[PDB]
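Student: This one is an experimental structure. Sequence first:
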Amino acid sequence: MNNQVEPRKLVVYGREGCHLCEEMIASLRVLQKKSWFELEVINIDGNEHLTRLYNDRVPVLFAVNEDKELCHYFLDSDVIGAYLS
């Protein structure tokens, strides 16, 4: 009868060990308990194309299976809340 669909994956673009990244990771790990979206941290320092996009506006929460940016450093929560579930 009913059956929830498969979730959307989320990627966080960043560079090296940044506190905001860790804080967002912890935030998303908590959210993963409510809504699974995986967690992938990708270094933009190598991909200068991504650095051209973000650079300073990193810990960026990218929506996979959709291909758009949702949030960035300092979790908005509201936006991904409206998005993920």
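Tutor: Great, that's in hand. Numbers count the residues shown, from 1 in each chain.

Student: Now do the helices in the protein.
Tutor: 19-34, 48-53, 78-84 (DSSP state H).

Student: packing partners for the first one?
Tutor: Counting by 3 or more C-beta pairs under 8 Å, 6 or more residues apart in numbering; DSSP states H and E, the packing neighbours recorded for helix 19-34 are strand 10-14. Yep, even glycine has a C-beta here, placed from its N, CA and C like the rest.

Student: Export the strand it packs on to CSV, keeping only CA atoms.
Tutor: Extracted C-alpha coordinates of strand 10-14, given in CSV (Å, rounded to 0.1, in the frame of the first residue of the first chain):
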residue,chain,number,x,y,z
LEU,A,10,23.8,15.7,0.3
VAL,A,11,27.4,16.8,-0.2
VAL,A,12,29.3,19.4,1.8
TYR,A,13,32.0,21.2,-0.2
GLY,A,14,34.9,22.4,1.8
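
Student: what sits up against that strand?
Tutor: 21, 24-25, 28, 37-44, 50, 54, 58-64, 70, 80, 84 (C-beta atoms under 8 Å, 6 or more residues apart in numbering).

Student: what does stretch 65-85 give?
Tutor: 7-10, 20-21, 23-24, 27-28, 31, 34-35, 37, 54, 57-63.

Student: Could you report the distance from the one residue sitting closest to the centre of the chain to residue 25?
Tutor: The centroid of the chain falls nearest to residue 61 when counting by C-alpha atoms, centre = their mean (2.8 Å). From residue 61 over to residue 25 the distance is 11 Å, taken as C-beta to C-beta, to the nearest Å.

Student: Centre of the chain to stretch 60-74, how far?
Tutor: Relative to the chain's own centre, stretch 60-74 is displaced by 5 Å; criterion: C-alpha atoms, centre = their mean, to the nearest Å.
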